[PDB]
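final37.cif (mmCIF, C-alpha atoms and all ligand atoms)
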```
data_model
loop_
_atom_site.group_PDB
_atom_site.id
_atom_site.type_symbol
_atom_site.label_atom_id
_atom_site.label_comp_id
_atom_site.auth_asym_id
_atom_site.auth_seq_id
_atom_site.Cartn_x
_atom_site.Cartn_y
_atom_site.Cartn_z
ATOM 1 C CA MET A 1 -15.875 -54.578 -66.161
ATOM 2 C CA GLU A 2 -16.210 -54.702 -69.942
ATOM 3 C CA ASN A 3 -16.866 -50.996 -69.560
ATOM 4 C CA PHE A 4 -13.408 -50.102 -68.256
ATOM 5 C CA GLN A 5 -9.913 -50.062 -69.655
ATOM 6 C CA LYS A 6 -7.408 -50.630 -66.914
ATOM 7 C CA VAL A 7 -4.619 -48.116 -66.914
ATOM 8 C CA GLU A 8 -2.490 -49.461 -64.024
ATOM 9 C CA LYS A 9 -2.472 -51.240 -60.746
ATOM 10 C CA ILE A 10 -2.217 -48.608 -57.979
ATOM 11 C CA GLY A 11 -2.628 -50.849 -54.930
ATOM 12 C CA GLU A 12 -3.467 -54.088 -53.210
ATOM 13 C CA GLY A 13 -4.937 -54.852 -49.823
ATOM 14 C CA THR A 14 -7.109 -57.196 -47.830
ATOM 15 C CA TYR A 15 -10.240 -56.816 -49.888
ATOM 16 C CA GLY A 16 -8.793 -56.751 -53.414
ATOM 17 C CA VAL A 17 -6.698 -55.181 -56.123
ATOM 18 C CA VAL A 18 -7.117 -51.517 -57.171
ATOM 19 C CA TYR A 19 -6.531 -50.281 -60.738
ATOM 20 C CA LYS A 20 -6.636 -46.758 -62.158
ATOM 21 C CA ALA A 21 -9.064 -47.206 -65.063
ATOM 22 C CA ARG A 22 -10.936 -45.359 -67.741
ATOM 23 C CA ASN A 23 -14.581 -45.644 -68.518
ATOM 24 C CA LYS A 24 -14.403 -46.788 -72.206
ATOM 25 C CA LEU A 25 -17.650 -44.996 -72.961
ATOM 26 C CA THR A 26 -17.420 -41.711 -71.191
ATOM 27 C CA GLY A 27 -13.629 -41.314 -70.713
ATOM 28 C CA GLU A 28 -13.962 -40.905 -66.939
ATOM 29 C CA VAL A 29 -10.867 -41.885 -64.956
ATOM 30 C CA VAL A 30 -11.750 -43.879 -61.848
ATOM 31 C CA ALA A 31 -10.268 -46.253 -59.263
ATOM 32 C CA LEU A 32 -11.634 -49.795 -59.847
ATOM 33 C CA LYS A 33 -11.523 -52.161 -56.908
ATOM 34 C CA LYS A 34 -11.983 -55.852 -57.638
ATOM 35 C CA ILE A 35 -13.177 -57.536 -54.461
ATOM 36 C CA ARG A 36 -11.527 -60.879 -53.797
ATOM 37 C CA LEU A 37 -13.819 -63.863 -53.175
ATOM 38 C CA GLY A 43 -21.650 -65.648 -55.192
ATOM 39 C CA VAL A 44 -21.426 -62.430 -53.157
ATOM 40 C CA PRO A 45 -23.123 -62.604 -49.720
ATOM 41 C CA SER A 46 -26.452 -60.711 -49.453
ATOM 42 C CA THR A 47 -25.229 -58.785 -46.380
ATOM 43 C CA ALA A 48 -22.118 -57.352 -48.091
ATOM 44 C CA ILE A 49 -24.423 -56.177 -50.843
ATOM 45 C CA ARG A 50 -26.585 -54.166 -48.381
ATOM 46 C CA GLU A 51 -23.544 -52.928 -46.420
ATOM 47 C CA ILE A 52 -22.152 -51.663 -49.720
ATOM 48 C CA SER A 53 -25.545 -50.025 -50.568
ATOM 49 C CA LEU A 54 -25.175 -48.191 -47.231
ATOM 50 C CA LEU A 55 -21.726 -46.926 -48.166
ATOM 51 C CA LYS A 56 -22.899 -45.531 -51.522
ATOM 52 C CA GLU A 57 -25.077 -43.050 -49.685
ATOM 53 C CA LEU A 58 -22.409 -42.169 -47.141
ATOM 54 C CA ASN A 59 -21.018 -39.108 -48.958
ATOM 55 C CA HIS A 60 -18.805 -36.407 -47.511
ATOM 56 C CA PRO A 61 -16.192 -34.078 -48.879
ATOM 57 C CA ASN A 62 -13.500 -36.027 -47.005
ATOM 58 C CA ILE A 63 -14.620 -39.554 -47.909
ATOM 59 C CA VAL A 64 -13.511 -41.083 -51.219
ATOM 60 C CA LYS A 65 -16.640 -41.105 -53.389
ATOM 61 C CA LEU A 66 -18.094 -44.583 -54.217
ATOM 62 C CA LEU A 67 -19.461 -44.003 -57.738
ATOM 63 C CA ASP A 68 -20.994 -47.339 -58.767
ATOM 64 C CA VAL A 69 -21.242 -50.879 -57.385
ATOM 65 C CA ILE A 70 -20.963 -53.570 -60.026
ATOM 66 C CA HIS A 71 -22.273 -56.907 -58.924
ATOM 67 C CA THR A 72 -22.068 -58.975 -62.080
ATOM 68 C CA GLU A 73 -21.311 -62.575 -62.930
ATOM 69 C CA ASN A 74 -21.102 -63.187 -59.183
ATOM 70 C CA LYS A 75 -18.230 -60.817 -58.640
ATOM 71 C CA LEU A 76 -18.075 -57.484 -56.937
ATOM 72 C CA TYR A 77 -16.382 -54.344 -58.239
ATOM 73 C CA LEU A 78 -16.419 -50.952 -56.589
ATOM 74 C CA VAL A 79 -15.846 -47.937 -58.845
ATOM 75 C CA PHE A 80 -14.472 -44.998 -56.896
ATOM 76 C CA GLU A 81 -13.414 -41.536 -57.799
ATOM 77 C CA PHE A 82 -9.689 -41.403 -58.540
ATOM 78 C CA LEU A 83 -7.380 -39.370 -56.285
ATOM 79 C CA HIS A 84 -3.873 -38.664 -57.547
ATOM 80 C CA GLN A 85 -1.627 -39.529 -54.549
ATOM 81 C CA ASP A 86 -1.738 -41.376 -51.213
ATOM 82 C CA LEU A 87 -0.353 -39.821 -48.010
ATOM 83 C CA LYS A 88 2.317 -42.482 -47.718
ATOM 84 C CA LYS A 89 3.807 -41.376 -50.980
ATOM 85 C CA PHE A 90 3.487 -37.728 -50.079
ATOM 86 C CA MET A 91 5.176 -38.306 -46.703
ATOM 87 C CA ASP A 92 8.031 -40.190 -48.418
ATOM 88 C CA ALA A 93 8.359 -37.439 -50.955
ATOM 89 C CA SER A 94 8.360 -34.782 -48.133
ATOM 90 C CA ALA A 95 10.977 -36.600 -45.920
ATOM 91 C CA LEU A 96 13.863 -34.167 -46.271
ATOM 92 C CA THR A 97 12.003 -31.103 -44.982
ATOM 93 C CA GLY A 98 8.800 -32.499 -43.491
ATOM 94 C CA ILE A 99 5.248 -31.654 -44.420
ATOM 95 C CA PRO A 100 4.716 -28.037 -43.353
ATOM 96 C CA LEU A 101 2.766 -27.743 -40.065
ATOM 97 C CA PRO A 102 -0.124 -25.788 -41.607
ATOM 98 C CA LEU A 103 -0.571 -28.604 -44.075
ATOM 99 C CA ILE A 104 -0.422 -31.313 -41.388
ATOM 100 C CA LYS A 105 -2.964 -29.349 -39.385
ATOM 101 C CA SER A 106 -5.263 -29.026 -42.457
ATOM 102 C CA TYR A 107 -5.174 -32.722 -43.149
ATOM 103 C CA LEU A 108 -5.724 -33.690 -39.489
ATOM 104 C CA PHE A 109 -8.723 -31.224 -39.372
ATOM 105 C CA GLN A 110 -10.228 -32.686 -42.574
ATOM 106 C CA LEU A 111 -9.750 -36.290 -41.535
ATOM 107 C CA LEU A 112 -11.410 -35.583 -38.182
ATOM 108 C CA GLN A 113 -14.284 -34.068 -40.196
ATOM 109 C CA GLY A 114 -14.677 -37.252 -42.258
ATOM 110 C CA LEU A 115 -14.322 -39.413 -39.171
ATOM 111 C CA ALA A 116 -16.844 -37.298 -37.280
ATOM 112 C CA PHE A 117 -19.263 -37.907 -40.216
ATOM 113 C CA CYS A 118 -18.659 -41.684 -40.402
ATOM 114 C CA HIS A 119 -18.968 -41.992 -36.715
ATOM 115 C CA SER A 120 -22.291 -40.082 -36.497
ATOM 116 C CA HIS A 121 -23.412 -42.708 -38.945
ATOM 117 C CA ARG A 122 -22.132 -45.611 -36.801
ATOM 118 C CA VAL A 123 -19.599 -46.517 -39.494
ATOM 119 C CA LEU A 124 -16.064 -47.271 -38.381
ATOM 120 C CA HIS A 125 -13.028 -47.428 -40.615
ATOM 121 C CA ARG A 126 -10.996 -49.920 -38.490
ATOM 122 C CA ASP A 127 -7.832 -49.798 -40.737
ATOM 123 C CA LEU A 128 -6.693 -46.232 -41.163
ATOM 124 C CA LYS A 129 -3.164 -45.811 -42.484
ATOM 125 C CA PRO A 130 -1.212 -43.466 -44.758
ATOM 126 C CA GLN A 131 -1.935 -45.723 -47.765
ATOM 127 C CA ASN A 132 -5.757 -45.350 -47.177
ATOM 128 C CA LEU A 133 -5.631 -41.599 -47.008
ATOM 129 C CA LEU A 134 -5.791 -39.856 -50.406
ATOM 130 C CA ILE A 135 -4.849 -36.275 -51.442
ATOM 131 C CA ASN A 136 -5.439 -33.895 -54.346
ATOM 132 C CA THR A 137 -3.771 -30.895 -55.862
ATOM 133 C CA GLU A 138 -6.459 -28.597 -54.303
ATOM 134 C CA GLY A 139 -5.478 -29.367 -50.702
ATOM 135 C CA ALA A 140 -8.020 -32.031 -49.800
ATOM 136 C CA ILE A 141 -7.488 -35.355 -48.064
ATOM 137 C CA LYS A 142 -10.076 -38.160 -47.949
ATOM 138 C CA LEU A 143 -10.429 -41.509 -46.227
ATOM 139 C CA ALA A 144 -10.609 -44.516 -48.521
ATOM 140 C CA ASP A 145 -11.148 -48.295 -48.245
ATOM 141 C CA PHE A 146 -13.521 -48.797 -45.337
ATOM 142 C CA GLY A 147 -17.047 -49.904 -44.518
ATOM 143 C CA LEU A 148 -15.134 -52.580 -46.404
ATOM 144 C CA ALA A 149 -13.774 -53.872 -43.108
ATOM 145 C CA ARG A 150 -17.233 -54.875 -41.621
ATOM 146 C CA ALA A 151 -19.128 -55.267 -44.931
ATOM 147 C CA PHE A 152 -16.955 -58.231 -45.902
ATOM 148 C CA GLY A 153 -15.814 -59.359 -42.435
ATOM 149 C CA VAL A 163 1.962 -58.395 -45.022
ATOM 150 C CA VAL A 164 -0.714 -56.469 -42.994
ATOM 151 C CA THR A 165 0.574 -53.348 -41.259
ATOM 152 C CA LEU A 166 -0.055 -53.276 -37.522
ATOM 153 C CA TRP A 167 1.495 -49.954 -36.891
ATOM 154 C CA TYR A 168 -1.781 -47.974 -36.556
ATOM 155 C CA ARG A 169 -3.644 -50.671 -34.556
ATOM 156 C CA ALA A 170 -5.365 -49.587 -31.272
ATOM 157 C CA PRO A 171 -4.369 -51.521 -28.194
ATOM 158 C CA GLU A 172 -7.918 -52.704 -27.460
ATOM 159 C CA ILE A 173 -7.798 -54.547 -30.797
ATOM 160 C CA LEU A 174 -4.323 -56.050 -30.057
ATOM 161 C CA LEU A 175 -5.546 -57.187 -26.581
ATOM 162 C CA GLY A 176 -8.423 -59.130 -28.064
ATOM 163 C CA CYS A 177 -11.502 -56.911 -27.754
ATOM 164 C CA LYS A 178 -14.196 -58.181 -30.124
ATOM 165 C CA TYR A 179 -16.597 -55.257 -30.009
ATOM 166 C CA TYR A 180 -14.586 -52.194 -30.556
ATOM 167 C CA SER A 181 -15.689 -48.619 -31.072
ATOM 168 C CA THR A 182 -15.064 -45.563 -33.163
ATOM 169 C CA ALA A 183 -12.246 -44.721 -30.820
ATOM 170 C CA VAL A 184 -10.039 -47.215 -32.739
ATOM 171 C CA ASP A 185 -10.057 -44.737 -35.671
ATOM 172 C CA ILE A 186 -8.949 -41.780 -33.441
ATOM 173 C CA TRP A 187 -6.091 -43.981 -32.190
ATOM 174 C CA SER A 188 -4.995 -44.667 -35.749
ATOM 175 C CA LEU A 189 -5.298 -41.093 -36.806
ATOM 176 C CA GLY A 190 -3.177 -40.208 -33.776
ATOM 177 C CA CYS A 191 -0.288 -42.375 -34.775
ATOM 178 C CA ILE A 192 -0.481 -40.888 -38.281
ATOM 179 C CA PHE A 193 -0.451 -37.325 -36.945
ATOM 180 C CA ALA A 194 2.700 -38.090 -34.941
ATOM 181 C CA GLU A 195 4.294 -39.750 -38.021
ATOM 182 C CA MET A 196 3.597 -36.684 -40.241
ATOM 183 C CA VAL A 197 5.297 -34.487 -37.588
ATOM 184 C CA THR A 198 8.382 -36.549 -36.702
ATOM 185 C CA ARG A 199 8.740 -38.280 -40.000
ATOM 186 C CA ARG A 200 9.075 -41.579 -38.200
ATOM 187 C CA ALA A 201 6.453 -44.177 -37.494
ATOM 188 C CA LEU A 202 5.340 -43.862 -33.862
ATOM 189 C CA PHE A 203 4.886 -47.651 -33.244
ATOM 190 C CA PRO A 204 6.601 -49.638 -36.024
ATOM 191 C CA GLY A 205 5.695 -53.204 -34.933
ATOM 192 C CA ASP A 206 6.335 -56.300 -36.999
ATOM 193 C CA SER A 207 4.010 -58.713 -35.044
ATOM 194 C CA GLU A 208 1.096 -58.344 -32.637
ATOM 195 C CA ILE A 209 3.127 -58.542 -29.486
ATOM 196 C CA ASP A 210 5.956 -56.389 -30.893
ATOM 197 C CA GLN A 211 3.320 -53.812 -31.715
ATOM 198 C CA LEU A 212 1.753 -54.007 -28.278
ATOM 199 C CA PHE A 213 5.158 -53.859 -26.496
ATOM 200 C CA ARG A 214 6.354 -50.830 -28.572
ATOM 201 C CA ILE A 215 3.130 -49.089 -27.525
ATOM 202 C CA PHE A 216 3.809 -50.201 -23.927
ATOM 203 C CA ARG A 217 7.386 -48.800 -23.841
ATOM 204 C CA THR A 218 6.325 -45.367 -25.131
ATOM 205 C CA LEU A 219 3.054 -44.897 -23.396
ATOM 206 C CA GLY A 220 3.806 -47.136 -20.425
ATOM 207 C CA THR A 221 2.307 -50.514 -19.668
ATOM 208 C CA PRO A 222 -1.406 -49.984 -18.954
ATOM 209 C CA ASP A 223 -2.978 -50.927 -15.618
ATOM 210 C CA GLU A 224 -6.351 -50.724 -13.974
ATOM 211 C CA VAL A 225 -5.555 -47.121 -13.013
ATOM 212 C CA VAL A 226 -5.032 -45.742 -16.547
ATOM 213 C CA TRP A 227 -7.454 -48.282 -18.090
ATOM 214 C CA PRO A 228 -10.109 -49.939 -15.943
ATOM 215 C CA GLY A 229 -10.885 -53.428 -17.264
ATOM 216 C CA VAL A 230 -7.512 -53.791 -18.967
ATOM 217 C CA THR A 231 -6.324 -56.762 -16.900
ATOM 218 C CA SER A 232 -9.300 -58.944 -17.875
ATOM 219 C CA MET A 233 -9.054 -58.572 -21.631
ATOM 220 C CA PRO A 234 -8.658 -61.734 -23.666
ATOM 221 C CA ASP A 235 -4.944 -61.450 -24.473
ATOM 222 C CA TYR A 236 -3.828 -59.541 -21.391
ATOM 223 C CA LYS A 237 -1.205 -61.398 -19.400
ATOM 224 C CA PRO A 238 -0.314 -60.468 -15.857
ATOM 225 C CA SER A 239 3.142 -61.530 -16.886
ATOM 226 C CA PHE A 240 3.526 -58.501 -19.302
ATOM 227 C CA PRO A 241 6.577 -56.425 -18.547
ATOM 228 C CA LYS A 242 6.097 -53.263 -16.541
ATOM 229 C CA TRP A 243 7.302 -50.143 -18.419
ATOM 230 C CA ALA A 244 7.051 -46.531 -17.366
ATOM 231 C CA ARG A 245 5.368 -43.933 -19.538
ATOM 232 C CA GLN A 246 7.547 -41.390 -21.305
ATOM 233 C CA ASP A 247 6.823 -37.693 -21.728
ATOM 234 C CA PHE A 248 5.475 -36.555 -25.096
ATOM 235 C CA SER A 249 8.162 -33.924 -25.169
ATOM 236 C CA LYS A 250 10.540 -36.856 -25.987
ATOM 237 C CA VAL A 251 7.997 -38.718 -28.183
ATOM 238 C CA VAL A 252 7.005 -35.881 -30.582
ATOM 239 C CA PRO A 253 9.344 -32.910 -30.784
ATOM 240 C CA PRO A 254 8.767 -30.465 -32.588
ATOM 241 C CA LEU A 255 5.015 -30.698 -31.968
ATOM 242 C CA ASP A 256 3.934 -27.598 -29.976
ATOM 243 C CA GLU A 257 2.079 -27.983 -26.611
ATOM 244 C CA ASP A 258 -1.372 -27.723 -28.314
ATOM 245 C CA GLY A 259 -0.482 -30.510 -30.797
ATOM 246 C CA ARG A 260 0.802 -32.616 -27.886
ATOM 247 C CA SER A 261 -2.211 -31.940 -25.703
ATOM 248 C CA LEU A 262 -4.425 -33.171 -28.623
ATOM 249 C CA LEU A 263 -2.207 -36.170 -29.461
ATOM 250 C CA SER A 264 -2.217 -37.411 -25.763
ATOM 251 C CA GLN A 265 -6.020 -37.251 -25.909
ATOM 252 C CA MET A 266 -6.107 -39.239 -29.073
ATOM 253 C CA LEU A 267 -3.730 -41.764 -27.601
ATOM 254 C CA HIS A 268 -5.448 -42.452 -24.259
ATOM 255 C CA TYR A 269 -5.334 -46.167 -23.424
ATOM 256 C CA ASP A 270 -9.069 -46.399 -22.405
ATOM 257 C CA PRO A 271 -11.130 -46.042 -25.573
ATOM 258 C CA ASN A 272 -13.907 -44.322 -23.463
ATOM 259 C CA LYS A 273 -11.444 -41.583 -22.302
ATOM 260 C CA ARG A 274 -9.979 -41.226 -25.766
ATOM 261 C CA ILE A 275 -11.145 -38.053 -27.487
ATOM 262 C CA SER A 276 -13.949 -38.189 -30.118
ATOM 263 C CA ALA A 277 -13.433 -36.696 -33.593
ATOM 264 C CA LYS A 278 -16.143 -34.152 -32.968
ATOM 265 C CA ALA A 279 -14.536 -32.895 -29.733
ATOM 266 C CA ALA A 280 -11.052 -32.950 -31.330
ATOM 267 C CA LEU A 281 -12.355 -30.538 -33.987
ATOM 268 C CA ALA A 282 -12.838 -28.042 -31.132
ATOM 269 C CA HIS A 283 -9.381 -28.578 -29.673
ATOM 270 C CA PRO A 284 -7.375 -25.360 -29.350
ATOM 271 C CA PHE A 285 -4.829 -26.746 -31.882
ATOM 272 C CA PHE A 286 -7.251 -25.945 -34.711
ATOM 273 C CA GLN A 287 -7.832 -22.334 -33.722
ATOM 274 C CA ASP A 288 -5.586 -21.123 -36.567
ATOM 275 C CA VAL A 289 -6.274 -23.846 -39.181
ATOM 276 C CA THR A 290 -6.021 -22.901 -42.836
ATOM 277 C CA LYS A 291 -6.127 -24.908 -46.063
ATOM 278 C CA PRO A 292 -2.715 -24.677 -47.734
ATOM 279 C CA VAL A 293 -2.053 -26.148 -51.190
ATOM 280 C CA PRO A 294 0.378 -29.063 -51.168
ATOM 281 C CA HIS A 295 3.279 -29.272 -53.629
ATOM 282 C CA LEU A 296 2.510 -32.573 -55.380
ATOM 283 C CA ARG A 297 4.822 -34.122 -57.891
ATOM 284 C CA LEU A 298 2.559 -36.304 -60.062
HETATM 285 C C1 LIG B 301 -6.905 -46.603 -50.653
HETATM 286 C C2 LIG B 301 -6.048 -47.465 -51.545
HETATM 287 O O1 LIG B 301 -6.659 -48.730 -51.816
HETATM 288 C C3 LIG B 301 -5.801 -46.780 -52.919
HETATM 289 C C4 LIG B 301 -4.975 -47.753 -53.759
HETATM 290 O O2 LIG B 301 -7.045 -46.734 -53.523
HETATM 291 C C5 LIG B 301 -7.291 -45.601 -54.275
HETATM 292 N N1 LIG B 301 -6.251 -44.882 -54.757
HETATM 293 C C6 LIG B 301 -6.414 -43.781 -55.479
HETATM 294 N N2 LIG B 301 -5.377 -43.119 -55.987
HETATM 295 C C7 LIG B 301 -4.068 -43.336 -55.813
HETATM 296 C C8 LIG B 301 -3.223 -42.570 -56.630
HETATM 297 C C9 LIG B 301 -1.849 -42.635 -56.550
HETATM 298 C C10 LIG B 301 -1.313 -43.518 -55.644
HETATM 299 S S1 LIG B 301 0.402 -43.639 -55.501
HETATM 300 N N3 LIG B 301 0.772 -45.031 -54.831
HETATM 301 O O3 LIG B 301 0.778 -42.599 -54.515
HETATM 302 C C11 LIG B 301 1.411 -43.349 -56.978
HETATM 303 C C12 LIG B 301 1.341 -44.341 -58.172
HETATM 304 C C13 LIG B 301 2.447 -44.458 -57.119
HETATM 305 C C14 LIG B 301 -2.109 -44.295 -54.814
HETATM 306 C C15 LIG B 301 -3.489 -44.204 -54.882
HETATM 307 N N4 LIG B 301 -7.665 -43.392 -55.814
HETATM 308 C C16 LIG B 301 -8.722 -44.018 -55.343
HETATM 309 C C17 LIG B 301 -8.573 -45.158 -54.550
HETATM 310 C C18 LIG B 301 -9.807 -45.895 -54.066
HETATM 311 F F1 LIG B 301 -9.877 -47.068 -54.635
HETATM 312 F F2 LIG B 301 -9.725 -46.155 -52.740
HETATM 313 F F3 LIG B 301 -10.929 -45.154 -54.430
#
```

Translate the structure of the given file into structure tokens.
Ligand SMILES: C[C@@H](O)[C@@H](C)Oc1nc(Nc2ccc([S@](=N)(=O)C3CC3)cc2)ncc1C(F)(F)F
Amino acid sequence: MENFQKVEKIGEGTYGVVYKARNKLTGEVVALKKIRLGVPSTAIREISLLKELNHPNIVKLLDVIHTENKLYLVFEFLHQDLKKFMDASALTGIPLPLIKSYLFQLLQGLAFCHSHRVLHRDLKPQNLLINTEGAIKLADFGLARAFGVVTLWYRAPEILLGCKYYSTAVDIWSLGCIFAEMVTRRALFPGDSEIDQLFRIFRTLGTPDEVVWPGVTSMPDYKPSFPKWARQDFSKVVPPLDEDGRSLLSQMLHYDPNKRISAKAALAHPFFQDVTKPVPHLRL
């Protein structure tokens, strides 16, 4: 930490504060994450795992600094998060080819994490990072299980209904909501509490039953008393997404995590037949 000059705070989350910083020796510009708390021996090994987990679409973890009984993670710096890019692109929308590129690339990262049994668990526009060359990368995970107002908007229903051992399918759910948001320019499920989140999901997708989701009615926080809403058609939920986009989105948004599409199969969905890598117009 002596080795870095902080340039500016660029974020804050569950696990710490993030600064853009410069290596005082070598002039490298990095993102420096100070982990909020001795460090436990099992976060140390979980972090060692992450350092090896490298992929073009995963933010690179450069160095792990466990000194004076604090933890710092030194990451490559990316110049913009997708939340800011979405906000900046609100008048016209992000062009479809660019949405499709990003969704393709994020599935590719997720496919890689998931083959390694690593889950993100908290995907959101603020955790997705872009560059001037047209890449997008997932950031700020492995953190979730390594260590043990929060946004709920991208939370899978199994998590809101009290499932303790959830699967990679929670990340596909999240990425689904995000896809929809890029296309409509509105948040799909903008909840402000756990039950508001769950009921906004229930009014759009319909209240889940044993028919759409076997097991649902015995989950910890399921209540027979939940209201009964009817599902809406995706034609109403995500115009102007074409039928291929909607076909894919419905598969990412299946109630039953085991029916929900995997990242690897999503990469083969007909939606990505004509995928290309456009260059975004970034104002930095
Ligand atoms: C994942 C999450 O924590 C962001 C803050 O983290 C990271 N962020 C970046 N770059 C970054 C750059 C610009 C912006 S900005 N808000 O669009 C603009 C100043 C307003 C945001 C983030 N680079 C690496 C990381 C990471 F640490 F994850 F490696």

Practice problem: Please evaluate the PyMOL selection byres (((chain A and resi 219-224) around 12) and not hetatm) against the displayed coordinates and give the resulting residues as number ranges by chain. | Solution: A: 171-172, 175, 202-203, 212-218, 225-233, 236-248, 250-251, 263-264, 267-270

Quiz item: Do you know which residues the PyMOL selection byres (((not hetatm)) within 10 of (chain B and resi 301)) returns on this file, as number ranges by chain?
Solution: A: 8-20, 29-34, 63-67, 78-93, 128-136, 142-146, 297-298

I need the chosen residues saved as an mmCIF file, keeping the file's coordinate frame, with C-alpha atoms.
```
data_model
loop_
_atom_site.group_PDB
_atom_site.id
_atom_site.type_symbol
_atom_site.label_atom_id
_atom_site.label_comp_id
_atom_site.auth_asym_id
_atom_site.auth_seq_id
_atom_site.Cartn_x
_atom_site.Cartn_y
_atom_site.Cartn_z
ATOM 1 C CA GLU A 8 -2.490 -49.461 -64.024
ATOM 2 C CA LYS A 9 -2.472 -51.240 -60.746
ATOM 3 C CA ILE A 10 -2.217 -48.608 -57.979
ATOM 4 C CA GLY A 11 -2.628 -50.849 -54.930
ATOM 5 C CA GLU A 12 -3.467 -54.088 -53.210
ATOM 6 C CA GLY A 13 -4.937 -54.852 -49.823
ATOM 7 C CA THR A 14 -7.109 -57.196 -47.830
ATOM 8 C CA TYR A 15 -10.240 -56.816 -49.888
ATOM 9 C CA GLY A 16 -8.793 -56.751 -53.414
ATOM 10 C CA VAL A 17 -6.698 -55.181 -56.123
ATOM 11 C CA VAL A 18 -7.117 -51.517 -57.171
ATOM 12 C CA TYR A 19 -6.531 -50.281 -60.738
ATOM 13 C CA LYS A 20 -6.636 -46.758 -62.158
ATOM 14 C CA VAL A 29 -10.867 -41.885 -64.956
ATOM 15 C CA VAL A 30 -11.750 -43.879 -61.848
ATOM 16 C CA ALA A 31 -10.268 -46.253 -59.263
ATOM 17 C CA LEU A 32 -11.634 -49.795 -59.847
ATOM 18 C CA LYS A 33 -11.523 -52.161 -56.908
ATOM 19 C CA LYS A 34 -11.983 -55.852 -57.638
ATOM 20 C CA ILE A 63 -14.620 -39.554 -47.909
ATOM 21 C CA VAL A 64 -13.511 -41.083 -51.219
ATOM 22 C CA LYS A 65 -16.640 -41.105 -53.389
ATOM 23 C CA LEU A 66 -18.094 -44.583 -54.217
ATOM 24 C CA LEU A 67 -19.461 -44.003 -57.738
ATOM 25 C CA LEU A 78 -16.419 -50.952 -56.589
ATOM 26 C CA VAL A 79 -15.846 -47.937 -58.845
ATOM 27 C CA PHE A 80 -14.472 -44.998 -56.896
ATOM 28 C CA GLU A 81 -13.414 -41.536 -57.799
ATOM 29 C CA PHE A 82 -9.689 -41.403 -58.540
ATOM 30 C CA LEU A 83 -7.380 -39.370 -56.285
ATOM 31 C CA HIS A 84 -3.873 -38.664 -57.547
ATOM 32 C CA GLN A 85 -1.627 -39.529 -54.549
ATOM 33 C CA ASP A 86 -1.738 -41.376 -51.213
ATOM 34 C CA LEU A 87 -0.353 -39.821 -48.010
ATOM 35 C CA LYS A 88 2.317 -42.482 -47.718
ATOM 36 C CA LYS A 89 3.807 -41.376 -50.980
ATOM 37 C CA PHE A 90 3.487 -37.728 -50.079
ATOM 38 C CA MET A 91 5.176 -38.306 -46.703
ATOM 39 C CA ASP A 92 8.031 -40.190 -48.418
ATOM 40 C CA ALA A 93 8.359 -37.439 -50.955
ATOM 41 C CA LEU A 128 -6.693 -46.232 -41.163
ATOM 42 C CA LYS A 129 -3.164 -45.811 -42.484
ATOM 43 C CA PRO A 130 -1.212 -43.466 -44.758
ATOM 44 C CA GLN A 131 -1.935 -45.723 -47.765
ATOM 45 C CA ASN A 132 -5.757 -45.350 -47.177
ATOM 46 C CA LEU A 133 -5.631 -41.599 -47.008
ATOM 47 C CA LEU A 134 -5.791 -39.856 -50.406
ATOM 48 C CA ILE A 135 -4.849 -36.275 -51.442
ATOM 49 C CA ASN A 136 -5.439 -33.895 -54.346
ATOM 50 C CA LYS A 142 -10.076 -38.160 -47.949
ATOM 51 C CA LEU A 143 -10.429 -41.509 -46.227
ATOM 52 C CA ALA A 144 -10.609 -44.516 -48.521
ATOM 53 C CA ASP A 145 -11.148 -48.295 -48.245
ATOM 54 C CA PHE A 146 -13.521 -48.797 -45.337
ATOM 55 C CA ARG A 297 4.822 -34.122 -57.891
ATOM 56 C CA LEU A 298 2.559 -36.304 -60.062
#
```

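The point (-27.2, -61.8, -59.4) has these residues within 9 Å of it, counting only C-alpha atoms: residues 43, 44, 71, 72, 73 and 74 of chain A.
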
Practice problem: Give me, please, the distance in Å between CA of residue 190 in chain A and CA of residue 35 in chain A, quoted to one decimal. | Solution: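 Interatomic distance, CA of residue 190 in chain A to CA of residue 35 in chain A: 28.8 Å.
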
Quiz item: Expressed in Å to a single decimal, how great is the separation between CA of residue 166 in chain A and CA of residue 209 in chain A?
Solution: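 If I compute the distance from CA of residue 166 in chain A to CA of residue 209 in chain A, I get 10.1 Å.
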
Quiz item: Neighbours of residue 275 in chain A within 12 Å (only C-alpha atoms; same-chain residues fewer than 5 positions away dropped), as a PyMOL selection string?
Solution: chain A and resi 112+116+182-187+189-190+261-270+280-283

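Coordinates place CA of residue 178 in chain A at a distance of 20.8 Å from CA of residue 115 in chain A.
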
Exercise. Pick out the residues sitting within 8 Å of residue 52 in chain A, and hand them over as a PyMOL selection string; count all atoms listed in the file, and ignore anything fewer than 6 positions along from it in its own chain.
Key: chain A and resi 69+147-148+151

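Residues matched by the PyMOL selection byres (((chain A and resi 198) around 8) and not hetatm) in this file: residues 98, 194, 195, 196, 197, 199, 200, 201, 252, 253 and 254 of chain A.
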
Quiz item: Counting only C-alpha atoms, which of A:207, A:137, A:53, A:62 gets nearest to residue 109 in chain A?
Solution: A:62

Practice problem: May I ask which of the residues A:208, A:138, A:288, A:2 is the closest one to residue 70 in chain A, counting all atoms listed in the file? | Solution: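 Selected residue with least distance to residue 70 in chain A: A:2.
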
Quiz prompt | Residue among A:180, A:48, A:54, A:278 lying closest to residue 117 in chain A, counting only C-alpha atoms | solution =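 Closest residue, counting only C-alpha atoms: A:278.
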
Exercise. Pick out the closest residue to residue 277 in chain A from this set: A:99, A:118, A:173, A:123. Count only C-alpha atoms.
Key: A:118
